[PDB]
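Okay, so here's the structure we're looking at.
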Amino acid sequence: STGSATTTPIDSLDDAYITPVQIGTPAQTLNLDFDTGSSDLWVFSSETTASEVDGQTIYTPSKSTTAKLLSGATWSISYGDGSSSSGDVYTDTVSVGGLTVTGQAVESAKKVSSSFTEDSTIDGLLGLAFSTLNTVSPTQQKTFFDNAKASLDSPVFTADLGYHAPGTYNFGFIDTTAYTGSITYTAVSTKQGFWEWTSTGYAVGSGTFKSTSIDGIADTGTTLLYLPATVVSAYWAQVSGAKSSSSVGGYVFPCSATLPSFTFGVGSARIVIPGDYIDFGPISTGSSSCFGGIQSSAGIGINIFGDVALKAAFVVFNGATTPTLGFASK
């Protein structure tokens, strides 16, 4: 089997991407944030504290003939941005772009943090990291991908995120028309539950490539590119007027600037992030100070190849017995 779904930026900055997901019978379609950095499929629901729901579409398990309470199961998760959610669990039928999983754990939110309430466009998350990170207790649950895997034509999914435009998540096949050149595959460590890999280095603009190992995770659920402070300093030093602002919480730059590209290494191959991708606009409406799309990972504890990086590539998440990651230009 295969599946193919369009993923759409939630706003003009590509702060996140939403993908329609069918849950239950008859289908209830919710727009979920596909997150290769977590492993819970959770939704706004009829159980969510009413004061914490503001415009989201909710899952109502009582209206689904295929929903079954997973008795005794609870979940609770906190994300790197400080947001969180928690609740109980149902199993139900879940379909993504024509690909159907029966008995999928659907984690129903009773509580969500303000960040989620305030974002009317995201109805929940669909985790695509390794199932070892799933937070359901006392019986850990599998991700959608994990459940689908054995049925897929090939045990893979691909992320093809657009710049200020829709893109695609495919399951079970590699669309050879969706990228240019060849796909370069690189080793993955699953020891922390993430799609963790090692970049072979970087360049700033037309500068020379610096060969250096950068361990990080491929994370579709993170907006920006978070890299070591040395790397990030070298990038922003090429932008006149750019500075790290403690008050704003990262590197800012004059909105009148032209940003250089940023290149990262995948094995012997190179992915080029155009400068425009690194512009996240005024820090507040009307400001001439703009927020940078490359930021320091110092104090996160891990480097994160978030959407800024991934949207410059066609990315293969290969879930074969020995998982790997593939990157192609596009």
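Here, residue 1 is simply the first one shown, and the rest follow in order.
Per deposition record, X-ray crystallography, 1.6 Å.
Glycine too: its Cβ is placed from the backbone N, Cα and C atoms.
Taken from Swiss-Prot, the feature domain 'Peptidase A1' covers 17-328, and the record attributes it to sequence analysis.
Look at Swiss-Prot and you will find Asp35 (among others) tagged as active site. A strand conformation is recorded for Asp35 (active site) in the three-state DSSP classification. The C-beta environment of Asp35 (active site), restricted to residues of the same chain at least 6 apart in sequence and closer than 8 Å, consists of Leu125, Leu126, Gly127, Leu128, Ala129, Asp219, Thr220, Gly221.
Residues or ranges marked as active site in Swiss-Prot: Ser199 (among others). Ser199 (active site) falls within a strand when secondary structure is assigned with DSSP.
Swiss-Prot lists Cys255-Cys290 with the feature disulfide bond. The local packing around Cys255 (disulfide bond), expressed as other Cβ atoms within 10 Å of its Cβ over all shown chains, amounts to 15.
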Query = In angstrom units, rounded to an integer, how far apart are the Cα atoms of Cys290 (disulfide bond) and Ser199 (active site)?
reply = 27
Ask   = Does anything in the same chain, at least 6 positions from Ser199 (active site), have a Cβ under 8 Å from its Cβ, and if so what?
value = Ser213, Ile214, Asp215, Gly216, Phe264, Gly265, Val266, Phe305
